[PDB]
Amino acid sequence: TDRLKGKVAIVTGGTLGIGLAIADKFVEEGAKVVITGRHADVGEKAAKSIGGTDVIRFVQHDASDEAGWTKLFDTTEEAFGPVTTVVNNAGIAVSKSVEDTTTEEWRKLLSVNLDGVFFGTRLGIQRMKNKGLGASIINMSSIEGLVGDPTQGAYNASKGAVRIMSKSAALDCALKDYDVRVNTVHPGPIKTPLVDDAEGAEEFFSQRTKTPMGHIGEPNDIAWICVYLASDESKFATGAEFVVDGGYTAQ
Amino acid sequence: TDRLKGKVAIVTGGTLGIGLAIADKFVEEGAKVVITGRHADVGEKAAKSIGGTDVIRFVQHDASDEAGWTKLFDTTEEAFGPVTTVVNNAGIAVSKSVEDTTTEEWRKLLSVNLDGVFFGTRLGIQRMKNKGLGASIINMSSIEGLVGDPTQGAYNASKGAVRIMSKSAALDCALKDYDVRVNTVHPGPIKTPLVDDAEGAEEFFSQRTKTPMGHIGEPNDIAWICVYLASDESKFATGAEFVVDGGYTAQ
Amino acid sequence: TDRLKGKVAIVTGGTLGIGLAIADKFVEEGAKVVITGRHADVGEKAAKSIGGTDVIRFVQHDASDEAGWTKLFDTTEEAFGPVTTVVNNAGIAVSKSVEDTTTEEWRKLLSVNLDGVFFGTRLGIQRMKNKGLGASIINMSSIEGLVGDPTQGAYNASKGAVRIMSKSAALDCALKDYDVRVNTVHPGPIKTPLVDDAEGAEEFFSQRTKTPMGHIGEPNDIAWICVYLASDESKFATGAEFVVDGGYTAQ
Amino acid sequence: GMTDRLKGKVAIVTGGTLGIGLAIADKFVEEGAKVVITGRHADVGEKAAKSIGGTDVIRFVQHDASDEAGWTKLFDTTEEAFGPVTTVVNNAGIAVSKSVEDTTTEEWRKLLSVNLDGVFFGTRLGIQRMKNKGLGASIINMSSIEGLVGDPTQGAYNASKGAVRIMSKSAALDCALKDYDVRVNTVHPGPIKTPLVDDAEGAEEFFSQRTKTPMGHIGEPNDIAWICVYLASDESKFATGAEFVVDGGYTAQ
Ligand SMILES: NC(=O)c1ccc[n+]([C@@H]2O[C@H](COP(=O)([O-])OP(=O)(O)OC[C@H]3O[C@@H](n4cnc5c(N)ncnc54)[C@H](OP(=O)(O)O)[C@@H]3O)[C@@H](O)[C@H]2O)c1
Ligand SMILES: NC(=O)c1ccc[n+]([C@@H]2O[C@H](COP(=O)([O-])OP(=O)(O)OC[C@H]3O[C@@H](n4cnc5c(N)ncnc54)[C@H](OP(=O)(O)O)[C@@H]3O)[C@@H](O)[C@H]2O)c1
Ligand SMILES: NC(=O)c1ccc[n+]([C@@H]2O[C@H](COP(=O)([O-])OP(=O)(O)OC[C@H]3O[C@@H](n4cnc5c(N)ncnc54)[C@H](OP(=O)(O)O)[C@@H]3O)[C@@H](O)[C@H]2O)c1
Ligand SMILES: NC(=O)c1ccc[n+]([C@@H]2O[C@H](COP(=O)([O-])OP(=O)(O)OC[C@H]3O[C@@H](n4cnc5c(N)ncnc54)[C@H](OP(=O)(O)O)[C@@H]3O)[C@@H](O)[C@H]2O)c1
Ligand SMILES: O=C1c2ccccc2C(=O)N1O
Ligand SMILES: O=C1c2ccccc2C(=O)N1O
Ligand SMILES: O=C1c2ccccc2C(=O)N1O
Ligand SMILES: O=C1c2ccccc2C(=O)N1O
Ligand SMILES: [Mg+2]
Ligand SMILES: [Mg+2]
Ligand SMILES: [Mg+2]
């Protein structure tokens with residue numbers, strides 16, 4: 001039995017890392033999937049590496065581009081039918097303390113990590129409510145929405161915003177019987193291009209004082225909890241935080 | 001396609017309500033299960049409803065009886081092989097505020113809800129560590145381990161204890177590369193005999209000021225998260241809290 | 001006897017409501033205080049209502065105005081000497097679900113509630129670090145930085161961002177021995193002009209299902225926890241959340 | 001001029017003869033409260049009381065917090081000395097350096113009888129004795145950062161402090177819904193220099209590592225006393241069911 005039977009998903013930033021693995025396991029469990037990203041070559045190769053146009057397709061869309069979001073839903077519904085599932089995964093990092101954060105860096109990171117999740121959640125509610133789809137919006141927070149990090153100040157702001165904004169949306173949808181659920185996923189450190197391109201990041205976060213398991217995670221670790229959250233298995237889960245972090249926040 | 005292929009699970013209180021559904025879906029995903037209960041009559045047919053002696057068996061056992069835990073593991077192990085999965089689900093309730101709680105009520109509830117979880121977790125670590133089994137201890141807390149209830153004082157105490165004790169155990173297992181994960185599950189109100197017997201409770205907890213979804217969940221809602229937590233899909237999840245509560249704690 | 005002897009505090013949005021009472025009790029405990037606000041008429045009287053130019057002054061400044069923050073510190077230090085204490089209290093509300101929030105409303109609320117706190121915290125760290133001042137940055141979050149509200153989506157986002165960004169700042173100041181602490185305050189409902197102008201709000205949040213105490217608080221309730229956080233009494237408190245909410249988030 | 005922040009209050013501080021409790025007793029008296037401190041060792045207890053003030057403001061009572069019957073005599077004794085009790089600090093607690101795996105059942109029951117049952121006995125009796133008297137009554141239950149995060153080598157302690165954390169919310173809610181005029185809150189110290197820490201070899205050094213306490217040092221008993229003063233005063237009349245964390249940044253990372 002396919003765990004995402006009948007589901008049609010948008011996965012922002014689905015061409016690399018966590019987003020790519022969410023896409024991969026979404027198709028594996030029966031979902032039609034549109035992945036987005038900014039770079040077209042990367043995006044088209046990523047999509048075909050999972051399957052053909054009958055199951056998965058790439059759409060060039062910056063998650064911070066408000067107007068492009070309506071085209072994204074229209075295109076996705078054209079190819080596969082009504083969207084049932086939105087994974088707001090696109091996100092960037094900035095290695096600066098609050099003290100050392102430039103306003104340009106601040107605004108740039110928030111435009112993607114916060115405005116883009118807002119745009120996808122607001123539009124996802126409008127387009128998916130009251131259709132009996134078992135709709136599910138999965139917003140990618142982080143353990144950095146739960147704890148602080150002295151060199152990720154703007155990132156911390158954005159992931160904590162996503163954490164609580166998601167509860168507002170969850171509550172509204174539940175109280176209004178919209179048949180739309182909203183939850184946040186909080187990965188610990190995961191081996192991705194994001195982490196690979198940060199020199200010494202994996203060794204640093206593999207320290208026992210950081211990740212008690214003594215190693216960082218893999219993209220599939222996050223894909224599988226997103227499968228649970230996209231599926232009707234989680235029909236009673238809303239407004240909740242799902243932490244897959246090697247024990248990071250437990251100490 | 002069997003998400004729990006090769007797993008051997010103990011499920012305390014697995015003859016009614018949430019425990020019964022956990023066993024049901026554990027076997028559907030390929031796991032041998034031993035369920036426990038104090039009443040041999042109710043417990044014997046409960047085992048048969050899911051299947052036969054090649055998948056599931058009943059073992060009479062009070063969760064607060066420390067010596068029986070050793071017999072429970074021995075019994076399970078020669079029946080099905082080395083135990084891989086422990087779901088500490090057995091629990092009782094008392095409808096008293098802290099002020100109105102008698103010491104006998106206090107002690108009785110904690111012997112099951114706190115001592116029993118301790119016995120299963122402690123022995124579960126001893127018997128499952130260092131065997132490459134992908135061991136998982138799943139400790140049933142509650143939303144009542146996350147927020148208070150004015151007339152569930154003893155219950156709140158037990159569920160907050162389970163919440164943080166599981167983190168201790170998760171951290172020690174991770175730091176010692178024991179290959180045992182420990183997580184807690186936090187159901188909101190769920191239609192079970194425990195709830196069916198408290199008169200007017202389902203209606204009370206279906207109010208929007210309690211559960212935002214306007215209804216209470218079903219035992220299968222808790223079964224599917226335990227499936228995720230018992231499987232190797234969650235191998236980076238330890239010391240974390242998984243909340244399935246219809247939005248109850250999100251407001 | 002004076003619990004804030006020698007302290008020099010900037011209190012943004014100090015002309016009404018909570019900020020006014022913070023300023024009041026700060027001057028009462030021997031702090032020198034600059035309050036800010038947008039309306040000069042209201043602000044000059046607000047300052048005069050507490051004391052003369054020797055203990056308190058008003059500066060017209062919009063917390064979203066980044067360049068003005070540098071002038072605001074300069075003006076405060078000219079008047080009273082080096083700033084020891086920054087209370088990022090200016091904030092606004094928008095009564096819209098996520099689904100109904102206009103992008104105009106989103107950007108406007110975040111410019112005050114989030115950018116304003118970022119500007120104040122970042123400059124505060126730069127201007128107060130390494131000067132033996134027992135410096136303290138107090139960032140005004142809300143219970144709405146902890147739980148969601150279906151009709152305050154952007155507000156929830158802002159208060160969640162403030163909650164976790166403040167931890168980042170607290171950690172970096174602690175690790176670098178800056179002698180700057182950073183904490184967040186999380187009021188529940190408080191009788192202020194913000195609540196009074198919102199028709200039916202006080203009645204709604206006084207419901208026992210919302211505030212278990214059956215009434216909302218008053219500005220001095222937040223003033224006194226801010227005095228504690230500004231004083232050297234709290235020299236071991238950093239990165240933490242101080243909730244004064246009538247029991248709102250305890251259920 | 002300023003004013004005694006605990007004028008008219010009457011406090012019971014369990015385990016108030018050493019460490020955090022002693023500092024809570026000391027600053028409670030400084031702020032105008034009348035205090036009874038408890039402890040198991042009368043020698044330590046009687047000198048503790050005398051070091052803070054006379055019997056007009058503070059007295060010692062030998063009492064084991066696990067001893068339910070003694071709680072009644074304790075409140076009776078405090079009433080006769082000072083008047084109706086207004087403030088209960090459930091501070092007595094002990095530790096056990098064992099993982100969950102390595103905890104003997106005897107270590108388990110002993111720690112919980114003090115850390116959990118003792119806080120239950122004091123909270124329940126505090127409510128019964130202080131409800132409906134308009135005293136501005138406040139129950140302060142001593143949890144820990146170890147009621148918020150785990151520690152691999154304090155499994156029973158973690159259990160006890162997580163229980164205190166949530167049981168206090170139950171009591172806060174019932175008290176508020178019933179208009180008892182009794183607030184209940186928990187305090188969560190990070191590592192604090194006390195006899196409990198001093199007697200654990202290498203504990204202060206371990207918890208001074210930046211990976212544990214970002215401030216690079218542990219706190220002192222007055223750090224906890226001053227938040228308890230706030231919680232006992234009518235200044236916190238709108239605070240109930242909440243967690244007050246004074247930990248040098250430990251749980252912020
Ligand atoms: N890696 C971790 O340790 C970790 C931990 C916790 C949370 N997270 C979160 O999980 C999410 C995935 O992170 P990751 O580690 O997989 O990052 P990654 O390896 O850098 O992948 C980034 C993906 O997002 C796309 N992307 C970047 N900017 C975008 C924009 N403006 N609009 C649309 N798409 C964009 C990228 O494609 P293009 O470059 O072609 O646009 C790429 O497909 C992020 O939200 C991150 O904050 C990551
Ligand atoms: N129902 C809810 O809304 C809800 C919500 C959150 C959390 N929970 C938690 O989830 C767990 C299951 O609750 P439920 O609603 O399924 O309870 P339930 O309907 O009362 O079923 C409890 C099961 O536990 C067994 N049990 C009772 N006392 C026992 C003991 N001393 N030793 C061993 N087994 C015992 C019972 O069998 P016998 O009668 O034969 O002993 C029964 O099989 C509990 O830990 C509860 O605290 C429940
Ligand atoms: N009241 C509650 O129940 C409650 C609960 C939780 C949190 N809070 C938070 O507490 C803080 C104060 O709220 P309140 O209820 O006291 O609000 P209020 O009664 O509306 O007072 C707000 C104060 O901030 C000033 N202000 C508004 N916009 C500003 C800007 N852009 N720059 C500088 N100052 C500005 C106002 O003066 P001008 O209008 O003249 O500028 C006024 O002095 C806010 O951060 C709010 O989010 C309030
Ligand atoms: N120190 C820390 O770093 C830290 C951090 C977080 C929380 N805490 C908590 O803070 C509280 C105080 O700890 P502390 O570090 O100040 O401990 P401490 O220095 O060991 O002092 C403990 C006090 O409690 C008394 N006590 C011990 N067992 C008792 C019992 N059964 N009944 C009554 N009194 C008893 C002791 O007196 P006798 O010796 O006369 O019995 C002593 O007066 C405890 O709840 C602890 O769990 C401590
Ligand atoms: O992007 C990241 C990351 C990179 C490297 C280590 C930890 C983390 C984390 O927690 N998030 O969200
Ligand atoms: O025992 C209970 C209960 C009873 C009635 C409604 C909800 C709940 C819950 O969440 N737990 O744990
Ligand atoms: O501004 C507010 C407010 C107004 C009225 C009721 C509750 C609240 C709250 O929680 N915040 O933050
Ligand atoms: O009792 C203690 C203790 C002792 C030594 C170091 C840390 C801690 C702590 O967090 N609690 O609660
Ligand atoms: Mg902006
Ligand atoms: Mg709540
Ligand atoms: Mg931590």
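Excluded from the calculations below are hydrogen atoms, water molecules and symmetry mates; all remaining heavy atoms, backbone and side chain alike, are included. Per chain, numbering begins at 1; letters A, B, ... match sequence-line order. Read the numbers this way: they start at 1 and go in the same order the structure lists the ligands and their atoms.
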Problem set entry | Min side-chain heavy-atom separation D/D247-D/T213 under 4.5 Å | no
For this session: With the side chain counted from C-beta on, respond yes when D/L148 and B/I164 share a heavy-atom pair under 4.5 Å apart, and no when they do not.
Result: no
Problem set entry | Salt bridge present between A/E144 and A/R163 (N-O < 4.0 angstrom) | no
Exercise. Just how far is it from atom CH2 of C/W69 to atom CZ of C/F118, taken to the nearest 0.5 Å?
Worked result: 12.0 Å
Problem set entry | pair A/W106-C/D115: side-chain heavy atoms closer than 4.5 Å | yes
Exercise. Will you find, in the side chains of A/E66 and C/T103, an N or O donor that is under 3.5 Å from an N or O acceptor?
Worked result: yes
Exercise. Which atoms of the protein, restricted to N, O or S, are nearer than 2.8 Å to the Mg ion (ligand 11)?
Worked result: A/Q251 O, D/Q253 O
For this session: Return yes when atom CD of B/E203 has more than 12 non-hydrogen atoms of other residues, nucleotides or ligands closer than 6.0 Å, and no otherwise.
Result: yes
Exercise. Should B/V195 and B/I190 count as side-chain neighbours, where that means a heavy-atom distance under 4.5 Å?
Worked result: no
Exercise. What do the steps show when you test D/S143 against D/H188 for side chain to side chain donor-acceptor pair (under 3.5 Å), and what is the final call?
Worked result: CA-CA 5 Å; D/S143 178; D/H188 302 260; 3.2 Å; yes
Exercise. Contact residues of ligand 6 with a heavy-atom cut-off of under 4.0 Å?
Worked result: B/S142, B/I143, B/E144, B/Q152, B/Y155, B/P187, B/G188, B/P189, B/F205
